[PDB]
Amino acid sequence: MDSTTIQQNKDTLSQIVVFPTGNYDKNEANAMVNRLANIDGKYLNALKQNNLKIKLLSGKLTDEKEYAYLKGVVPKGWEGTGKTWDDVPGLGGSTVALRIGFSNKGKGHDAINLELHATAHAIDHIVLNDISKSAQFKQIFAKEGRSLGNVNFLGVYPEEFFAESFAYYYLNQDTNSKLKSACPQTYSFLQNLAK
């Protein structure tokens, strides 16, 4: 990724990312946008065209009017954790909402990166028309979906294997190399998807 392309992607994200009202960590919000700018510009442009907003939050997701209906609800795959959506720091799918400061593994989740995982879900659902549930990806998932850990979540839900693999592919060179070694068919699939 050259200088102009990273800048172009940040420009696209300037039309996608929504910052919270009130006090928030501006530096960390900027760092999250910079990580999202590593995503292939084709996907970011499609998110913008679809008026998908990436909402950065300074408080709980369920304190937003549009997610209040999830109070007390246990997310898919979170059975037995003792947590509900009130405790979950990010959400992706038909919308994206993310708590600032909770990017890294261990900040209330075990994803390699919160914002890439959530945005991957939006790309899957909105841009790629649920490609993670296509026969092609289900076949890859059947072979490689238990090779990235967290097998009772990533190994059981193809959309979660897709989202986490996408996050590995786009976070940094180290995670990208790890994905290629663990899940070569998934890596090739993502490489071809971006063409």
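Heads up: residue numbers just count along the shown sequence, starting at 1.
Comparing 80 to 88 with 97 to 105, the stretch with the higher mean C-alpha B-factor in the PDB entry is 80 to 88. A summary of the deposited B-factors shows that, of 159 to 167 and 145 to 153, the stretch with the larger mean C-alpha value is 145 to 153.
Within the listed group 48, 65, 35, 55, the record reports its top CA B-factor for 65. Compared with the other modelled residues of the chain, the Cα B-factor recorded for residue 135 ranks in the highest third.
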